[PDB]
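Novice: Quick note on the authors' numbering: the sequence shown kicks off at 1 and runs consecutively.
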Amino acid sequence: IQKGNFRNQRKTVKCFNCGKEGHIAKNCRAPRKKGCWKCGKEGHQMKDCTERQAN
Ligand SMILES: O=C1N/C(=N/N=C2/C(=O)Nc3ccc(S(=O)(=O)O)cc32)S/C1=C\c1ccco1
Ligand SMILES: O=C1N/C(=N/N=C2/C(=O)Nc3ccc(S(=O)(=O)O)cc32)S/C1=C\c1ccco1
Ligand SMILES: [Zn+2]
Ligand SMILES: [Zn+2]
Numbered sequence: 001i002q003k004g005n006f007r008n009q010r011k012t013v014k015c016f017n018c019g020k021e022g023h024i025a026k027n028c029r030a031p032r033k034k035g036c037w038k039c040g041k042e043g044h045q046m047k048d049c050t051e052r053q054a055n
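See below:
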């Protein structure tokens, strides 16, 4: 099982902020960006990132 493109549950767990294994952004010690770790856009935290995509 996995939720992302990467092995974030499948054997390993992978951080969304810094991209390294063995932890999650809640447990991470790296500096936090001016935007979302889940889509990359500014002005929100990734739990407010609930809206649908479009084209
Ligand atoms: O509630 C929260 N969930 C979060 N989930 N972040 C993830 C990440 O970096 N890698 C993951 C791999 C697997 C899963 S999963 O558990 O398999 O979906 C989740 C994650 S961060 C957070 C709160 C928080 C507060 C301050 C900083 O972060
Ligand atoms: O409690 C939570 N905090 C979260 N904060 N998200 C952040 C993000 O994406 N980029 C940031 C950059 C700076 C800061 S900061 O505001 O400067 O620390 C926070 C964030 S996510 C979360 C719970 C969660 C559950 C499911 C998905 O996410
Ligand atoms: Zn990290
Ligand atoms: Zn987002």
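For every residue, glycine included, the Cβ atom is placed at its ideal position computed from N, Cα and C.
Only counting the same chain, and skipping five residues up and downstream in sequence, which positions put a Cβ closer than 7 Å to that of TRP37?
Specialist: Position 37 of the sequence shown, counted from the start, is the residue given in the question as residue 37. Excluding residues within five positions, the ones whose Cβ falls inside 7 Å are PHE16, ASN17, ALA25, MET46.
Novice: Check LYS14 in the structure and name its three-state DSSP category.
Specialist: Stepping through the sequence shown from its first residue, residue 14 is reached at position 14. Strand at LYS14.
Novice: Which class does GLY40 belong to by DSSP, given the choice of helix, strand or coil?
Specialist: Along the sequence shown, read from residue 1 onward, the residue named residue 40 stands at position 40. In this structure, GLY40 counts as coil in the three-state DSSP scheme.
Novice: DSSP on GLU21, reduced to helix/strand/coil?
Specialist: Along the sequence shown, one-based indexing puts residue 21 at 21. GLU21 falls in the strand class under three-state DSSP.
Novice: Grouping DSSP H, G and I as helix and E and B as strand, with all else coil, what is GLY4?
Specialist: What you label residue 4 is simply residue 4 of the sequence shown in a count that begins at 1. Looking at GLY4 - three-state DSSP - the assignment turns out to be coil, as it is neither helix nor strand.
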